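# Observations on chain architecture
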Amino acid sequence: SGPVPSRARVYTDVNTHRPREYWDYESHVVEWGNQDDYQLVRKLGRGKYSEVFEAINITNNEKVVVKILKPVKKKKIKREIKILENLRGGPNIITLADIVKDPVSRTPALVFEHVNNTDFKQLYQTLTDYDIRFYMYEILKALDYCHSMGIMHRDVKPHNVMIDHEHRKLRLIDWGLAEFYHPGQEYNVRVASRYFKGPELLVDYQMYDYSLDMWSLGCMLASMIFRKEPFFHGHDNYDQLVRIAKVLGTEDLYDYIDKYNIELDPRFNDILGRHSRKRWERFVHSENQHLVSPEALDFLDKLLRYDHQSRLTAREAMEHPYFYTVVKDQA
Ligand SMILES: Fc1cc(F)c2[nH]ccc2c1
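What counts as what
- Residues numbered from 1 in each chain as written, not as in the entry; some residues may be left out.
- Heavy atoms only, no water.
- Residues with missing side-chain atoms left out of burial classes, pairs and counts.
- UniProt positions renumbered as here; feature names shortened; annotations may be inferred.
- Buried < 20%, exposed > 50% of the residue type's maximum accessible area, 1.4 Å probe, protein only.
- Helix = DSSP H or I, 4+ residues; strand = E, 2+ residues; numbered from the N terminus.
- Pairing = 2+ DSSP bridges.
- Axes fitted to C-alpha atoms, helices over the stretch in contact; angles between N-to-C directions.
- Contact = heavy atoms within 4.5 Å.
- Polar contact = N/O pair within 3.5 Å; in protein donor to acceptor, adjacent residues only side chain to side chain.
- Core = buried A, V, L, I, M, F, W, Y, C linked by side-chain atoms within 4.5 Å.
- Domains from an automatic or database assignment.

In terms of determination method and resolution, the entry is listed under X-ray crystallography at 2.63 Å.

The chain carries the name Casein kinase II subunit alpha in the PDB entry, which gives Homo sapiens as its organism. The deposited PDB record carries the title "Protein Kinase CK2 and small molecule ligands". Check the Subcellular location section of the UniProt entry for the chain; it says "Nucleus".

Below you can see the structure in the form of structure tokens.
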């Protein structure tokens, strides 16, 4: 027939057991606030869907991050706002503070709790192998929470992780691509950034789930323990799958197509080729070794799998030995 269906191993029916309004973001009404309450201070950076200002709530001299949305469809704003309000208060989840309108256009603007970013690049020549485990752990907290809240982030990557190194605080931000998981629903593959897309996005398997965030967590992991950025450095969505296959090899790629009966774009049928699965040792060198460990390589292997159902879950991730040291430390 056609593609074999899939279901999340965990948190599957979580949404079906909440009131409709929780995930039906289409029918959610926006409680707007007064942009007059904030004065833009300075610009912090650009972005695909938003320009990001530092701002002051003149109500109370509070520091704040304003993020002027770039125009999508009203149902995408409602989606982002809904999700942020559900996750609000959760571990390492960016806190949505108010919703206003850019006064000279109308483009809505989200207002967030302020988090100092420590230089996403200057924060590299100072990460010890413990730094990585710890922050990896902080991110998994955010992932188990939103999965367990029925939400896939769908855009995990270092740019969307804010770190305050001086105080070991970390916030997973920019939820504009997230979605609610529903069993049997088919999602858009054009999501997440190219270097981080899951195999299921590239082969066009639309009935994916939380475990796509887990694949991206592995692309983050690789690039950071090996100091290779990006790890899977694809020239486009097509090549990106070739770059993965060269590491994971084509045999498991074809087992994964076979078992889900995915229809491979014939474009691939010329460029994937045949490739063995290479042992992680080949990406270890003198400049990155202090961060590689059998613990760390095992854990990476158990995330970077074609078959989305066989990747570690966020919660399974947090029980791995690569975090034993961290787990005991919190206490
Ligand atoms: F997008 C926004 C959001 C705000 F809160 C603002 N305040 C003053 C300008 C402005 C623009």
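The element strand β3 (residues 62-69) is extensively covered by neighbouring structure, given that six of its eight residues are classed as buried. One ladder, built from eight bridges, connects strand β2 (residues 50-57) with β3; its direction is antiparallel. Residue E54 lies in a different strand from β3, and its bridge partner there is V65. Connecting β2 to the next strand, β3, in antiparallel fashion are four residues, including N61 with a positive phi near 45°. Bridge count between β3 and strand β5 (residues 108-113): five bridges; the pairing is antiparallel. Looking across to β5, one finds that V65 is bridged to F112.

This part covers the sheet that holds strand β4 (residues 96-101). The strand order across the open sheet built from five strands is β1-β2-β3-β5-β4, with neighbouring strands paired in antiparallel fashion. Across the chains shown, the open sheet's two edge strands, defined by having one partner strand only, are β1 (38-45) and β4. Each strand axis lies, on average, 30° off the axis of its neighbour in the sheet, ignoring direction. Pairing between β1 and β2: six bridges, direction antiparallel. When the bridges of β2 are listed, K43 appears paired with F53. Here helix α2 (residues 74-87) sits on the sheet in contact with β3, β4 and β5, set at roughly 155° to β4.

With that out of the way, let us pick up the UniProt feature "domain: Protein kinase" in the chain. Within this structure's numbering, the places UniProt gives as "domain: Protein kinase" are residues 38-323. End C-alpha atoms of residues 38-323 are separated by 41 Å, and the span's content is 31% helix alongside 17% strand.

The next subject is the environment of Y195. Here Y195 is to be found in the loop between β9 (179-180) and α4 (199-203). We classify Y195 as partly exposed; its relative accessible area is 23%. Taking the C-alpha atoms as reference points, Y195 and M162, 33 residues apart in sequence, are found 19 Å from one another. Excluding its chain neighbours within four sequence positions, the residues that come into contact with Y195 are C219, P230, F232, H233, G234 and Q240. A distance of 3.4 Å separates the side chain of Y195 from the side chain of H233, its partner in a polar contact.

Another point: the nonpolar core. Membership of the largest hydrophobic core comes to 90 residues, with the highest contact counts inside it found for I151, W175, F226 and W280. Broken down by element, the residue count for this core peaks at 10 residues, all from helix α3 (residues 129-148). Composition of this core by domain shows at least three residues from each of domain 1 (31-113) and domain 2 (129-329). In contact with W175, other than residues within four places in its own chain, are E80, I83, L84, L87, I93, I94, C146, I151 and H153. By size, the runner-up hydrophobic cluster in this structure holds 12 residues, among which are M152, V191, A192 and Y210.

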